[PDB]
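Protein chains in written order, with the entry's author numbering: chain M8, 1 to 47; chain 41, 3 to 181; chain 4I, 2 to 120; chain AI, 3 to 83; chain 1F, 2 to 24.
Every residue, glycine too, gets a C-beta built ideally from N, C-alpha and C.
Below: the structure, in structure tokens.
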Amino acid sequence: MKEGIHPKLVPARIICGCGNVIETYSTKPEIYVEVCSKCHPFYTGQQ
Amino acid sequence: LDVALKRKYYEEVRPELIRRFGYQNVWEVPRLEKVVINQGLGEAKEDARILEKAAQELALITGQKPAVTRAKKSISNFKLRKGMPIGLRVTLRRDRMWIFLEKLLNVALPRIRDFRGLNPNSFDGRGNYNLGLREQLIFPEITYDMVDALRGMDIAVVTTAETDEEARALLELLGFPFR
Amino acid sequence: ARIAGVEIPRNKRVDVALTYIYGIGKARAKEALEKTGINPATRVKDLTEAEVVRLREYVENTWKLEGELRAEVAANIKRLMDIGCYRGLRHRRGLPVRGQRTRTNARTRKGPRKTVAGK
Amino acid sequence: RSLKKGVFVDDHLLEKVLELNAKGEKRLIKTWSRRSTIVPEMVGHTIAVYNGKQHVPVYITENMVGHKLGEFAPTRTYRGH
Amino acid sequence: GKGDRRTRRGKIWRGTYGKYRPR
RNA sequence: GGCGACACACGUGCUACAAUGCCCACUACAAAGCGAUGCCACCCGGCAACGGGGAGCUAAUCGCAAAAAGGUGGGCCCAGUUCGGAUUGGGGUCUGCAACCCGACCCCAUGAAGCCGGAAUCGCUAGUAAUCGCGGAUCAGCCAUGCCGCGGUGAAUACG
RNA sequence: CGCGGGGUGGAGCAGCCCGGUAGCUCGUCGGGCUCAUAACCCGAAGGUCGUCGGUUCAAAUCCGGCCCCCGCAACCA
RNA sequence: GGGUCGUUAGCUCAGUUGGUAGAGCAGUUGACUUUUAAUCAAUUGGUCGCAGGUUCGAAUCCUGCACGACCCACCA
RNA sequence: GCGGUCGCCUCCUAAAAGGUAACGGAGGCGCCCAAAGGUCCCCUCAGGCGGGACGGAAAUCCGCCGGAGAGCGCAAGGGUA
Ligand SMILES: [Mg+2]
Ligand SMILES: [Mg+2]
Ligand SMILES: [Mg+2]
Ligand SMILES: [Mg+2]
Ligand SMILES: [Mg+2]
Ligand SMILES: [Mg+2]
Ligand SMILES: [Mg+2]
Ligand SMILES: [Mg+2]
Ligand SMILES: [Mg+2]
Ligand SMILES: [Mg+2]
Ligand SMILES: [Mg+2]
Ligand SMILES: [Mg+2]
Ligand SMILES: [Mg+2]
Ligand SMILES: [Mg+2]
Ligand SMILES: [Mg+2]
Ligand SMILES: [Mg+2]
Ligand SMILES: [Mg+2]
Ligand SMILES: [Mg+2]
Ligand SMILES: [Mg+2]
Ligand SMILES: [Mg+2]
Ligand SMILES: [Mg+2]
Ligand SMILES: [Mg+2]
Ligand SMILES: [Mg+2]
Ligand SMILES: [Mg+2]
Ligand SMILES: [Mg+2]
Ligand SMILES: [Mg+2]
Ligand SMILES: [Mg+2]
């Protein structure tokens, strides 16, 4: 990426309805997740 | 340069696709280039300074500063002097493509009301697939206390797949919630 | 944080801020507040993610909510019509469904008045 | 509006339908009992109901489950103004 | 108000009894 | 079956648009008429409608009964908002031969218009108006917000 | 054949000229006051601008043709 | 192009200490009536040819320059 | 006479060089741009079909296809990726 004034994109951590989500790598690290349709209520693995 | 889904493509998505279609060459197997995100905004036209929240919060969720579209021709119905900015278009590749693409699949699409799955027919027949979003706050980096106003985008994803079949296969096996 | 769909409520009360979730209010609230044991008088701005997940999870699983619910309320309708049923006509072409009186004010179900002319 | 200990169906047609239900054959019977319930068992028949004026045929499905027999035989004429 | 069948003030108005106006 | 139609138009009213206000708990004060074909205290199940049971009174005895406002304490914090309950989905109660047309009520979900109403125009001179309940007739049930009545608290203003 | 102006809600006028949106009176519709009607008051509705091309980003608006309309003219012979 | 002159919060204006800021029809409010009026009675700052430069201060003087109204002249 | 016209550009007329007339057929000019100029370096159209939130034939984005039908400030012709 061309060098100057452009978001950092540093490894991060995020959650789910179940436990954590790994891969991450986001600028503005450490965010939060209400729901996951793959942790999966609310779609997959139906109900 | 690591990026879990990138890895999961090479180890376990690639071979499943070789077993399934079968391939003389390592190259023929569909690879994944260029997920390009485009916000068409009339939403900011005569006021073009509304843009740069929508541009800065684009770069926040992709991790890349978008460039700015402008107007092909002048169309009188909505405004549209041949000059003005319509929206942002950011091209994503290579890691930075995946780093965003996994965050898309583990977070974004979960966070939509409903989400009965991704429409299966959006493959363009030459074996790319694009879709479109509304509330940008389905993303992690968007807190709904940073939203001035909602606007979506159109996400196109391109693939070295020559056909639509293999397009869905590549995307399914990358864990694309589908129908 | 947020309930089914998104529907973030905030500040004010918790029991109160629950009505602002669709498919819920008063009754379906004050009870699901004890069934998580959470204080109803709590102020949804301040409270522990503890209380949130036990509340967010209870509600999202328990009963059908708008993303799913509104889909289903509409679903009875297209069935209540398209069958040929009576209420289905009052739906089909858009008049009041349960008894009542159409000679004078329907106004809610009828829209605003389109006036014409006398004898 | 329920009954429940109840579920009233006039026995004019109820006999004819239960006899048509297990019959071997079916055609259209014409009743005045719209005050009935319809089914659980009546489904699949054509039946001519009455509006005050004449006898209207009704094809029957399960979407017609509990719905009293005349919801499907309307009493009015409109076509607007 | 006196028209909410879900309130005390309302049921009193109609004259009826319920979970919001038990006898 | 209709009298219950609905592009519309007028009349009479009810509930309202909120903080002298709404919601919850607790505690208090009436008059009048009805009712042993009925009114059902009281126990039980039911969130509840109501269903059970069941005691009393031809009733200054026993029952409808709860009066409401208020009073007290607590909550709401000026929001189309805990205002407001129209509309609609769903679940049941009961009357009745039967509740689709077309019933009343309970609960769940839904929460609409409406932020004091254009030209106009109504009532009221005192225990009146406003506002708050309650009874009765008709009646199986009920579309009563009606009408006939009853007490509760209780203004303003008349130069002329 | 000739030169000039015009065709816009039911009527009568603006707007065209200077591209971007259509206005004014009357009529009409709903309400008001009245025993009632007019008068009067409060509200509203209603049109693609003769037509057909073209121009432009956009045409009642600018250009060409045609269709009507009104006006002037047609003299020495 | 010369000469005079302007120049004004919605509009017209009316203001040359260096102070504020209006006076009329307008707009809203509010009495009055019926109708139309006519009378009455209530307002934010709106940093007033434009940037500059005079001073204790300039809507508010001085050069600038954009403009307008007026008037003279002249046009191979 | 009245009407029209009167200079300049483009197209035909014009007879395959030039030129060429009529009150022959058709249109345009009396400007515009301090970038719409110089140069260096990039870039390649219109259109059609599929795809894709609010996007509809037309805003933007993504594919294939597209040798010039686009663009070149304005008329026509020549020219031109
Ligand atoms: Mg491809
Ligand atoms: Mg009714
Ligand atoms: Mg309420
Ligand atoms: Mg009240
Ligand atoms: Mg009838
Ligand atoms: Mg009648
Ligand atoms: Mg009716
Ligand atoms: Mg009424
Ligand atoms: Mg109990
Ligand atoms: Mg005695
Ligand atoms: Mg009683
Ligand atoms: Mg509203
Ligand atoms: Mg009123
Ligand atoms: Mg008197
Ligand atoms: Mg009563
Ligand atoms: Mg126009
Ligand atoms: Mg009239
Ligand atoms: Mg002569
Ligand atoms: Mg001449
Ligand atoms: Mg001449
Ligand atoms: Mg030649
Ligand atoms: Mg030659
Ligand atoms: Mg050039
Ligand atoms: Mg194209
Ligand atoms: Mg397309
Ligand atoms: Mg070309
Ligand atoms: Mg050419």
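(request) Could you please give the first and the last residue of the uninterrupted beta strand (DSSP E) stretch that includes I49 (chain AI)? (result) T48 to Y52
(message) Quick check on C18 (chain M8) - is its C-beta less than 9 Å from some C-beta in chain 41?
(response) no
(request) State the beta-bridge partners of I157 (chain 41) as determined by DSSP. (result) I39 (chain 41) and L133 (chain 41)
(request) Could you name the residues of the segment 88-114 of chain 41 whose beta carbon sits closer than 9 Å to any beta carbon of chain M8, in the order they occur along the chain? (result) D97, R98, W100, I101, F102, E104, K105, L107, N108, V109, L111, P112, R113 and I114
(message) Under 8 Å: do the segment 8-21 of chain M8 and the segment 30-41 of chain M8 share three or more Cβ pairs, one atom per stretch?
(response) yes
(message) Helix, strand or coil for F23 (chain 41)? Go by DSSP, reduced to three states.
(response) helix
(message) Quick check: the Cα distance between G68 (chain 4I) and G6 (chain 4I), rounded to an integer number of angstroms?
(response) 6 Å
(request) Find the nearest neighbour of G46 (chain AI) within the set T77 (chain AI), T63 (chain AI), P59 (chain AI) and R37 (chain AI), judged by alpha-carbon distance. (result) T63 (chain AI)
(request) Taking all protein chains shown into account, decide if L3 (chain 41) is buried (16 or more other Cβ within 10 angstroms of its Cβ) or exposed. (result) exposed
(request) Pull up the distance between the alpha-carbon of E23 (chain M8) and that of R128 (chain 41), whole angstroms please. (result) 30 Å
(request) Would you kindly report the start and end of the unbroken beta strand (DSSP E) that includes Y61 (chain AI)? (result) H57 to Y61
(request) Could you tell me if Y25 (chain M8) is buried or exposed, where buried requires 16 or more neighbouring beta carbons within 10 angstroms of its beta carbon? (result) buried
(request) Just the C-alpha distance for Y18 (chain 1F) and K36 (chain 4I), rounded to the nearest angstrom, thanks. (result) 27 Å
(request) Would you please verify whether the beta carbon of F23 (chain 41) is less than 9 Å from any beta carbon of chain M8? (result) no
(request) Pick out whichever of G154 (chain 41), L152 (chain 41), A169 (chain 41) and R153 (chain 41) has its Cα sitting closest to the Cα of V160 (chain 41). (result) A169 (chain 41)
(request) Check whether the Cβ atoms of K38 (chain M8) and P179 (chain 41) lie closer than 9 Å to each other. (result) yes
(request) Would you kindly report the start and end of the unbroken beta strand (DSSP E) that includes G89 (chain 41)? (result) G89 to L94
(message) In this structure, how does DSSP classify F102 (chain 41) when only helix, strand and coil are distinguished?
(response) helix
(message) Tell me the rounded alpha-carbon separation between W14 (chain 1F) and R24 (chain 1F).
(response) 14 Å
(message) Residues around ligand 2, please: the condition is that the C-beta lies closer than 6 Å to some non-hydrogen atom of it.
(response) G100 (chain 4I) and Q101 (chain 4I)
(message) Let me check one thing: in DSSP terms, what residues is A69 (chain 41) bridge-paired to?
(response) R91 (chain 41)
(request) Kindly indicate which three-state DSSP category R11 (chain 4I) falls into: helix, strand or coil? (result) coil
(message) Considering only DSSP beta bridges, list what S26 (chain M8) is partnered with.
(response) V10 (chain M8)
(request) Check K32 (chain AI) in the structure and name its three-state DSSP category. (result) strand
(request) Determine the contact status of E35 (chain 41) and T162 (chain 41), defining contact as a CB-CB distance below 9 Å. (result) yes
(message) Taking 9 Å as the threshold (C-beta atoms), are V60 (chain AI) and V41 (chain AI) in contact?
(response) no
(message) Please report the straight-line C-alpha distance between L15 (chain AI) and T103 (chain 4I), rounded to a whole angstrom.
(response) 34 Å
(request) Let me know the secondary structure DSSP gives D150 (chain 41) once reduced to three states. (result) coil
(request) May I ask whether a heavy atom of ligand 7 can be found less than 8 Å away from the beta carbon of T109 (chain 4I)? (result) no
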